[PDB]
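Enquirer: Take this structure first; my questions come after.
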2 protein chains.
Amino acid sequence: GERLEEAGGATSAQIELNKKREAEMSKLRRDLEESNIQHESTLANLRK
Amino acid sequence: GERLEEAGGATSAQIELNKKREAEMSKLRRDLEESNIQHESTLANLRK
């Protein structure tokens, strides 16, 4: 009975972190755009 | 006793998935710098 709770814990435990890691992927996906759209501004700035 | 192997079959499936998931997570994490050092060099090469 404890063995279900720990292994069913183990299906619950790792499923939170990779889901949280999936939030980390979508975090850096914004930074790649942020390192583009902010970065394209200075090239538009420095040509002026 | 039926729940024991499916909780084992879930973890043996899911922990199989994360070792390539951390790789593609590492890929975008290893992507931001060669946008950064690229966009710094085009700040550099356009400067002189």
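Going through the structure tokens in order, the chains are called A, B, and so on, while each chain numbers its residues from 1 and the ligands are numbered from 1 in the order shown.
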Would you mind listing what lies within 12 Å of residue A:35 as a list in words, with only C-alpha atoms counted and same-chain residues fewer than 3 positions away left out?
Expert: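 The filter keeps residues 28, 29, 30, 31, 32, 38, 39, 40, 41 and 42 of chain A; 31, 32, 33, 34, 35, 36, 37, 38, 39 and 40 of chain B.
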Enquirer: Give me a file of those residues, with N, CA and C atoms, as a short mmCIF file (atom, residue, chain, number, x, y, z; two decimals), in the first residue's frame.
Expert:
```
data_model
loop_
_atom_site.label_atom_id
_atom_site.label_comp_id
_atom_site.auth_asym_id
_atom_site.auth_seq_id
_atom_site.Cartn_x
_atom_site.Cartn_y
_atom_site.Cartn_z
N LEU A 28 12.64 30.51 -22.55
CA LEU A 28 13.77 30.93 -23.36
C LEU A 28 13.36 31.18 -24.80
N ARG A 29 12.22 30.62 -25.22
CA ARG A 29 11.69 30.91 -26.55
C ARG A 29 11.33 32.38 -26.68
N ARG A 30 10.87 32.98 -25.58
CA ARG A 30 10.60 34.41 -25.60
C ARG A 30 11.90 35.20 -25.66
N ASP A 31 12.95 34.72 -24.98
CA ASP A 31 14.20 35.46 -24.95
C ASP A 31 14.88 35.46 -26.31
N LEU A 32 14.70 34.40 -27.09
CA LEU A 32 15.24 34.37 -28.45
C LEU A 32 14.56 35.42 -29.31
N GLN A 38 14.40 43.31 -29.70
CA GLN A 38 15.11 44.42 -29.06
C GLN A 38 16.42 44.65 -29.79
N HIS A 39 17.00 43.58 -30.31
CA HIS A 39 18.33 43.69 -30.88
C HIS A 39 18.28 44.29 -32.28
N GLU A 40 17.16 44.10 -32.98
CA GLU A 40 17.00 44.71 -34.30
C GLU A 40 16.79 46.21 -34.18
N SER A 41 16.37 46.66 -32.99
CA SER A 41 16.11 48.08 -32.77
C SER A 41 17.39 48.90 -32.78
N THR A 42 18.46 48.35 -32.20
CA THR A 42 19.71 49.10 -32.13
C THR A 42 20.36 49.23 -33.49
N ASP B 31 21.57 27.96 -27.59
CA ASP B 31 21.32 28.70 -28.82
C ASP B 31 21.44 30.19 -28.61
N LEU B 32 21.18 30.66 -27.39
CA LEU B 32 21.05 32.09 -27.16
C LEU B 32 22.37 32.82 -27.29
N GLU B 33 23.47 32.12 -27.06
CA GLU B 33 24.76 32.78 -27.12
C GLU B 33 25.19 33.03 -28.55
N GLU B 34 24.89 32.12 -29.48
CA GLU B 34 25.33 32.35 -30.85
C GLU B 34 24.32 33.18 -31.61
N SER B 35 23.23 33.57 -30.95
CA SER B 35 22.54 34.77 -31.37
C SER B 35 23.19 35.99 -30.74
N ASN B 36 23.65 35.85 -29.50
CA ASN B 36 24.21 36.98 -28.79
C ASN B 36 25.56 37.37 -29.36
N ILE B 37 26.46 36.40 -29.53
CA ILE B 37 27.78 36.73 -30.05
C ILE B 37 27.70 37.06 -31.53
N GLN B 38 26.66 36.60 -32.21
CA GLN B 38 26.44 37.04 -33.58
C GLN B 38 26.01 38.49 -33.60
N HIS B 39 25.03 38.83 -32.75
CA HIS B 39 24.46 40.17 -32.85
C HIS B 39 25.38 41.19 -32.21
N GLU B 40 26.34 40.73 -31.42
CA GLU B 40 27.38 41.63 -30.94
C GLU B 40 28.41 41.88 -32.02
#
```
Enquirer: Residues of chain B within 7 Å of chain A: nearest atom pair and distance (Å, one decimal) for each, counting only C-alpha atoms, sorted by chain and number, as CSV?
Expert:
```
residue,atom,partner,partner_atom,distance
B:4,CA,A:4,CA,6.6
B:7,CA,A:7,CA,6.1
B:10,CA,A:11,CA,6.9
B:11,CA,A:11,CA,6.1
B:25,CA,A:25,CA,6.2
B:32,CA,A:32,CA,6.4
```
Enquirer: Please dump the current selection as a short mmCIF file (atom, residue, chain, number, x, y, z; two decimals), in the first residue's frame; keep N, CA and C atoms.
Expert:
```cif
data_model
loop_
_atom_site.label_atom_id
_atom_site.label_comp_id
_atom_site.auth_asym_id
_atom_site.auth_seq_id
_atom_site.Cartn_x
_atom_site.Cartn_y
_atom_site.Cartn_z
N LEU B 4 0.71 -1.92 -9.92
CA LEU B 4 2.14 -1.84 -9.67
C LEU B 4 2.93 -1.77 -10.97
N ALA B 7 2.38 1.66 -12.97
CA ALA B 7 3.17 2.74 -12.41
C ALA B 7 4.65 2.55 -12.74
N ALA B 10 4.84 3.35 -16.49
CA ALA B 10 4.77 4.78 -16.77
C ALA B 10 6.12 5.44 -16.57
N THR B 11 6.79 5.13 -15.45
CA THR B 11 8.08 5.73 -15.17
C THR B 11 9.14 5.25 -16.15
N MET B 25 16.14 20.73 -24.60
CA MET B 25 16.14 21.86 -23.69
C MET B 25 17.53 22.48 -23.66
N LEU B 32 21.18 30.66 -27.39
CA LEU B 32 21.05 32.09 -27.16
C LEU B 32 22.37 32.82 -27.29
#
```
Enquirer: As a PDB file with N, CA, C and O atoms, in the first residue's frame, please: chain A after a least-squares superposition onto chain B using all C-alpha atoms matched in order.
Expert:
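The new file out_28.pdb reads:
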```pdb
ATOM      1  N   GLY A   1       0.043  -8.067 -11.293  1.00  0.00           N
ATOM      2  CA  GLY A   1       1.255  -8.222 -12.075  1.00  0.00           C
ATOM      3  C   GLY A   1       1.303  -7.270 -13.250  1.00  0.00           C
ATOM      4  O   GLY A   1       2.369  -6.775 -13.618  1.00  0.00           O
ATOM      5  N   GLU A   2       0.148  -6.991 -13.844  1.00  0.00           N
ATOM      6  CA  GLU A   2       0.088  -5.960 -14.872  1.00  0.00           C
ATOM      7  C   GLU A   2       0.186  -4.580 -14.241  1.00  0.00           C
ATOM      8  O   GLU A   2       0.676  -3.632 -14.868  1.00  0.00           O
ATOM      9  N   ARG A   3      -0.242  -4.461 -12.983  1.00  0.00           N
ATOM     10  CA  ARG A   3      -0.259  -3.167 -12.308  1.00  0.00           C
ATOM     11  C   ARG A   3       1.152  -2.674 -12.030  1.00  0.00           C
ATOM     12  O   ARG A   3       1.412  -1.468 -12.048  1.00  0.00           O
ATOM     13  N   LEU A   4       2.080  -3.598 -11.776  1.00  0.00           N
ATOM     14  CA  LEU A   4       3.479  -3.214 -11.647  1.00  0.00           C
ATOM     15  C   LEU A   4       4.044  -2.767 -12.982  1.00  0.00           C
ATOM     16  O   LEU A   4       4.856  -1.840 -13.037  1.00  0.00           O
ATOM     17  N   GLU A   5       3.649  -3.434 -14.063  1.00  0.00           N
ATOM     18  CA  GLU A   5       4.233  -3.137 -15.363  1.00  0.00           C
ATOM     19  C   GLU A   5       3.736  -1.802 -15.891  1.00  0.00           C
ATOM     20  O   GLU A   5       4.458  -1.104 -16.610  1.00  0.00           O
ATOM     21  N   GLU A   6       2.508  -1.424 -15.542  1.00  0.00           N
ATOM     22  CA  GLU A   6       1.989  -0.145 -16.009  1.00  0.00           C
ATOM     23  C   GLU A   6       2.512   0.996 -15.148  1.00  0.00           C
ATOM     24  O   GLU A   6       2.921   2.039 -15.673  1.00  0.00           O
ATOM     25  N   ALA A   7       2.522   0.818 -13.828  1.00  0.00           N
ATOM     26  CA  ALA A   7       3.042   1.865 -12.960  1.00  0.00           C
ATOM     27  C   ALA A   7       4.555   1.944 -13.060  1.00  0.00           C
ATOM     28  O   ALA A   7       5.127   3.037 -13.052  1.00  0.00           O
ATOM     29  N   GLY A   8       5.220   0.793 -13.166  1.00  0.00           N
ATOM     30  CA  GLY A   8       6.644   0.803 -13.465  1.00  0.00           C
ATOM     31  C   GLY A   8       6.915   1.266 -14.880  1.00  0.00           C
ATOM     32  O   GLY A   8       7.994   1.783 -15.182  1.00  0.00           O
ATOM     33  N   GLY A   9       5.945   1.072 -15.770  1.00  0.00           N
ATOM     34  CA  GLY A   9       5.962   1.806 -17.018  1.00  0.00           C
ATOM     35  C   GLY A   9       5.820   3.295 -16.787  1.00  0.00           C
ATOM     36  O   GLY A   9       6.502   4.096 -17.427  1.00  0.00           O
ATOM     37  N   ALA A  10       4.956   3.683 -15.845  1.00  0.00           N
ATOM     38  CA  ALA A  10       4.687   5.100 -15.619  1.00  0.00           C
ATOM     39  C   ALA A  10       5.867   5.787 -14.952  1.00  0.00           C
ATOM     40  O   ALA A  10       6.052   6.998 -15.097  1.00  0.00           O
ATOM     41  N   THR A  11       6.677   5.033 -14.215  1.00  0.00           N
ATOM     42  CA  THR A  11       7.943   5.585 -13.753  1.00  0.00           C
ATOM     43  C   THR A  11       8.969   5.588 -14.876  1.00  0.00           C
ATOM     44  O   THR A  11       9.948   6.335 -14.829  1.00  0.00           O
ATOM     45  N   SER A  12       8.777   4.736 -15.881  1.00  0.00           N
ATOM     46  CA  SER A  12       9.694   4.729 -17.011  1.00  0.00           C
ATOM     47  C   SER A  12       9.264   5.726 -18.076  1.00  0.00           C
ATOM     48  O   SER A  12      10.104   6.258 -18.809  1.00  0.00           O
ATOM     49  N   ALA A  13       7.960   5.981 -18.190  1.00  0.00           N
ATOM     50  CA  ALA A  13       7.460   6.759 -19.319  1.00  0.00           C
ATOM     51  C   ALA A  13       7.782   8.235 -19.162  1.00  0.00           C
ATOM     52  O   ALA A  13       8.366   8.853 -20.057  1.00  0.00           O
ATOM     53  N   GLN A  14       7.408   8.822 -18.025  1.00  0.00           N
ATOM     54  CA  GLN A  14       7.625  10.251 -17.840  1.00  0.00           C
ATOM     55  C   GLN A  14       9.094  10.567 -17.616  1.00  0.00           C
ATOM     56  O   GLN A  14       9.526  11.704 -17.827  1.00  0.00           O
ATOM     57  N   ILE A  15       9.886   9.571 -17.218  1.00  0.00           N
ATOM     58  CA  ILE A  15      11.294   9.827 -16.933  1.00  0.00           C
ATOM     59  C   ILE A  15      12.083   9.975 -18.225  1.00  0.00           C
ATOM     60  O   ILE A  15      13.210  10.484 -18.225  1.00  0.00           O
ATOM     61  N   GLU A  16      11.508   9.551 -19.349  1.00  0.00           N
ATOM     62  CA  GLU A  16      12.194   9.750 -20.618  1.00  0.00           C
ATOM     63  C   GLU A  16      11.964  11.161 -21.136  1.00  0.00           C
ATOM     64  O   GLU A  16      12.875  11.779 -21.698  1.00  0.00           O
ATOM     65  N   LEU A  17      10.757  11.691 -20.944  1.00  0.00           N
ATOM     66  CA  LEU A  17      10.395  12.940 -21.601  1.00  0.00           C
ATOM     67  C   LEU A  17      11.050  14.137 -20.933  1.00  0.00           C
ATOM     68  O   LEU A  17      11.526  15.045 -21.620  1.00  0.00           O
ATOM     69  N   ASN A  18      11.090  14.159 -19.600  1.00  0.00           N
ATOM     70  CA  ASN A  18      11.721  15.282 -18.917  1.00  0.00           C
ATOM     71  C   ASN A  18      13.229  15.234 -19.086  1.00  0.00           C
ATOM     72  O   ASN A  18      13.891  16.276 -19.145  1.00  0.00           O
ATOM     73  N   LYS A  19      13.786  14.023 -19.160  1.00  0.00           N
ATOM     74  CA  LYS A  19      15.167  13.869 -19.593  1.00  0.00           C
ATOM     75  C   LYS A  19      15.340  14.371 -21.018  1.00  0.00           C
ATOM     76  O   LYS A  19      16.339  15.025 -21.335  1.00  0.00           O
ATOM     77  N   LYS A  20      14.371  14.085 -21.890  1.00  0.00           N
ATOM     78  CA  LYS A  20      14.411  14.658 -23.228  1.00  0.00           C
ATOM     79  C   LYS A  20      14.150  16.156 -23.175  1.00  0.00           C
ATOM     80  O   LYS A  20      14.695  16.920 -23.978  1.00  0.00           O
ATOM     81  N   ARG A  21      13.334  16.596 -22.217  1.00  0.00           N
ATOM     82  CA  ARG A  21      13.142  18.028 -22.023  1.00  0.00           C
ATOM     83  C   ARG A  21      14.398  18.667 -21.463  1.00  0.00           C
ATOM     84  O   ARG A  21      14.687  19.837 -21.741  1.00  0.00           O
ATOM     85  N   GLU A  22      15.163  17.913 -20.674  1.00  0.00           N
ATOM     86  CA  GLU A  22      16.455  18.402 -20.212  1.00  0.00           C
ATOM     87  C   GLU A  22      17.426  18.564 -21.372  1.00  0.00           C
ATOM     88  O   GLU A  22      18.337  19.395 -21.318  1.00  0.00           O
ATOM     89  N   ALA A  23      17.242  17.782 -22.436  1.00  0.00           N
ATOM     90  CA  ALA A  23      18.010  18.018 -23.647  1.00  0.00           C
ATOM     91  C   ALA A  23      17.488  19.238 -24.391  1.00  0.00           C
ATOM     92  O   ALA A  23      18.226  19.880 -25.145  1.00  0.00           O
ATOM     93  N   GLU A  24      16.215  19.579 -24.187  1.00  0.00           N
ATOM     94  CA  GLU A  24      15.661  20.752 -24.850  1.00  0.00           C
ATOM     95  C   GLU A  24      16.135  22.030 -24.180  1.00  0.00           C
ATOM     96  O   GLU A  24      16.286  23.068 -24.833  1.00  0.00           O
ATOM     97  N   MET A  25      16.367  21.977 -22.869  1.00  0.00           N
ATOM     98  CA  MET A  25      16.909  23.116 -22.142  1.00  0.00           C
ATOM     99  C   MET A  25      18.335  23.389 -22.584  1.00  0.00           C
ATOM    100  O   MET A  25      18.703  24.534 -22.864  1.00  0.00           O
ATOM    101  N   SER A  26      19.141  22.332 -22.665  1.00  0.00           N
ATOM    102  CA  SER A  26      20.519  22.490 -23.108  1.00  0.00           C
ATOM    103  C   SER A  26      20.586  22.799 -24.596  1.00  0.00           C
ATOM    104  O   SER A  26      21.618  23.267 -25.092  1.00  0.00           O
ATOM    105  N   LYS A  27      19.505  22.530 -25.331  1.00  0.00           N
ATOM    106  CA  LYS A  27      19.429  22.986 -26.712  1.00  0.00           C
ATOM    107  C   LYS A  27      19.342  24.502 -26.780  1.00  0.00           C
ATOM    108  O   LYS A  27      20.153  25.148 -27.454  1.00  0.00           O
ATOM    109  N   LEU A  28      18.389  25.093 -26.058  1.00  0.00           N
ATOM    110  CA  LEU A  28      18.163  26.527 -26.161  1.00  0.00           C
ATOM    111  C   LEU A  28      19.247  27.318 -25.450  1.00  0.00           C
ATOM    112  O   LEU A  28      19.432  28.509 -25.720  1.00  0.00           O
ATOM    113  N   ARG A  29      19.967  26.674 -24.529  1.00  0.00           N
ATOM    114  CA  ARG A  29      21.104  27.321 -23.884  1.00  0.00           C
ATOM    115  C   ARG A  29      22.190  27.631 -24.896  1.00  0.00           C
ATOM    116  O   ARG A  29      22.894  28.639 -24.782  1.00  0.00           O
ATOM    117  N   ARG A  30      22.337  26.771 -25.901  1.00  0.00           N
ATOM    118  CA  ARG A  30      23.281  27.054 -26.969  1.00  0.00           C
ATOM    119  C   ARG A  30      22.789  28.199 -27.838  1.00  0.00           C
ATOM    120  O   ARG A  30      23.594  29.022 -28.293  1.00  0.00           O
ATOM    121  N   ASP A  31      21.474  28.279 -28.067  1.00  0.00           N
ATOM    122  CA  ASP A  31      20.947  29.325 -28.940  1.00  0.00           C
ATOM    123  C   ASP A  31      21.077  30.701 -28.308  1.00  0.00           C
ATOM    124  O   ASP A  31      21.258  31.693 -29.017  1.00  0.00           O
ATOM    125  N   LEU A  32      21.004  30.778 -26.977  1.00  0.00           N
ATOM    126  CA  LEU A  32      21.227  32.049 -26.299  1.00  0.00           C
ATOM    127  C   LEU A  32      22.659  32.521 -26.492  1.00  0.00           C
ATOM    128  O   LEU A  32      22.910  33.710 -26.719  1.00  0.00           O
ATOM    129  N   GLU A  33      23.610  31.594 -26.433  1.00  0.00           N
ATOM    130  CA  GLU A  33      24.975  31.932 -26.796  1.00  0.00           C
ATOM    131  C   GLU A  33      25.080  32.194 -28.290  1.00  0.00           C
ATOM    132  O   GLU A  33      25.813  33.089 -28.722  1.00  0.00           O
ATOM    133  N   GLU A  34      24.334  31.434 -29.093  1.00  0.00           N
ATOM    134  CA  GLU A  34      24.376  31.619 -30.539  1.00  0.00           C
ATOM    135  C   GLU A  34      23.713  32.928 -30.937  1.00  0.00           C
ATOM    136  O   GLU A  34      24.142  33.591 -31.885  1.00  0.00           O
ATOM    137  N   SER A  35      22.694  33.349 -30.183  1.00  0.00           N
ATOM    138  CA  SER A  35      22.133  34.679 -30.398  1.00  0.00           C
ATOM    139  C   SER A  35      22.962  35.751 -29.704  1.00  0.00           C
ATOM    140  O   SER A  35      22.545  36.910 -29.629  1.00  0.00           O
ATOM    141  N   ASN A  36      24.094  35.371 -29.107  1.00  0.00           N
ATOM    142  CA  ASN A  36      25.033  36.375 -28.636  1.00  0.00           C
ATOM    143  C   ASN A  36      26.264  36.453 -29.535  1.00  0.00           C
ATOM    144  O   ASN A  36      26.607  37.531 -30.031  1.00  0.00           O
ATOM    145  N   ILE A  37      26.940  35.322 -29.757  1.00  0.00           N
ATOM    146  CA  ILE A  37      28.269  35.365 -30.367  1.00  0.00           C
ATOM    147  C   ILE A  37      28.166  35.599 -31.871  1.00  0.00           C
ATOM    148  O   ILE A  37      29.050  36.211 -32.480  1.00  0.00           O
ATOM    149  N   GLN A  38      27.070  35.161 -32.492  1.00  0.00           N
ATOM    150  CA  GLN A  38      26.848  35.544 -33.877  1.00  0.00           C
ATOM    151  C   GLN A  38      26.356  36.975 -33.926  1.00  0.00           C
ATOM    152  O   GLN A  38      26.654  37.719 -34.868  1.00  0.00           O
ATOM    153  N   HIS A  39      25.616  37.383 -32.907  1.00  0.00           N
ATOM    154  CA  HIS A  39      24.975  38.685 -32.945  1.00  0.00           C
ATOM    155  C   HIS A  39      25.964  39.790 -32.610  1.00  0.00           C
ATOM    156  O   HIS A  39      25.816  40.932 -33.058  1.00  0.00           O
ATOM    157  N   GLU A  40      26.995  39.466 -31.829  1.00  0.00           N
ATOM    158  CA  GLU A  40      28.025  40.452 -31.519  1.00  0.00           C
ATOM    159  C   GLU A  40      28.910  40.701 -32.735  1.00  0.00           C
ATOM    160  O   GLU A  40      29.556  41.750 -32.843  1.00  0.00           O
ATOM    161  N   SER A  41      28.908  39.764 -33.682  1.00  0.00           N
ATOM    162  CA  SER A  41      29.735  39.884 -34.874  1.00  0.00           C
ATOM    163  C   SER A  41      29.243  40.997 -35.787  1.00  0.00           C
ATOM    164  O   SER A  41      30.045  41.719 -36.387  1.00  0.00           O
ATOM    165  N   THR A  42      27.924  41.137 -35.915  1.00  0.00           N
ATOM    166  CA  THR A  42      27.381  42.143 -36.819  1.00  0.00           C
ATOM    167  C   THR A  42      27.602  43.546 -36.278  1.00  0.00           C
ATOM    168  O   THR A  42      27.801  44.487 -37.052  1.00  0.00           O
ATOM    169  N   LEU A  43      27.568  43.699 -34.954  1.00  0.00           N
ATOM    170  CA  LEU A  43      27.936  44.972 -34.346  1.00  0.00           C
ATOM    171  C   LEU A  43      29.409  45.267 -34.582  1.00  0.00           C
ATOM    172  O   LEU A  43      29.795  46.417 -34.809  1.00  0.00           O
ATOM    173  N   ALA A  44      30.246  44.232 -34.533  1.00  0.00           N
ATOM    174  CA  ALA A  44      31.640  44.398 -34.924  1.00  0.00           C
ATOM    175  C   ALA A  44      31.759  44.563 -36.432  1.00  0.00           C
ATOM    176  O   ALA A  44      32.727  45.153 -36.926  1.00  0.00           O
ATOM    177  N   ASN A  45      30.794  44.040 -37.184  1.00  0.00           N
ATOM    178  CA  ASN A  45      30.798  44.254 -38.624  1.00  0.00           C
ATOM    179  C   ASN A  45      30.360  45.669 -38.961  1.00  0.00           C
ATOM    180  O   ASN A  45      30.991  46.346 -39.782  1.00  0.00           O
ATOM    181  N   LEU A  46      29.283  46.140 -38.335  1.00  0.00           N
ATOM    182  CA  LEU A  46      28.692  47.401 -38.765  1.00  0.00           C
ATOM    183  C   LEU A  46      29.481  48.599 -38.256  1.00  0.00           C
ATOM    184  O   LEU A  46      29.303  49.715 -38.751  1.00  0.00           O
ATOM    185  N   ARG A  47      30.359  48.397 -37.272  1.00  0.00           N
ATOM    186  CA  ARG A  47      31.224  49.499 -36.866  1.00  0.00           C
ATOM    187  C   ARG A  47      32.336  49.703 -37.879  1.00  0.00           C
ATOM    188  O   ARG A  47      32.862  50.811 -38.023  1.00  0.00           O
ATOM    189  N   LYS A  48      32.706  48.639 -38.591  1.00  0.00           N
ATOM    190  CA  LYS A  48      33.734  48.762 -39.613  1.00  0.00           C
ATOM    191  C   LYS A  48      33.223  49.554 -40.803  1.00  0.00           C
ATOM    192  O   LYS A  48      33.834  50.557 -41.194  1.00  0.00           O
TER     193      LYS A  48
END
```
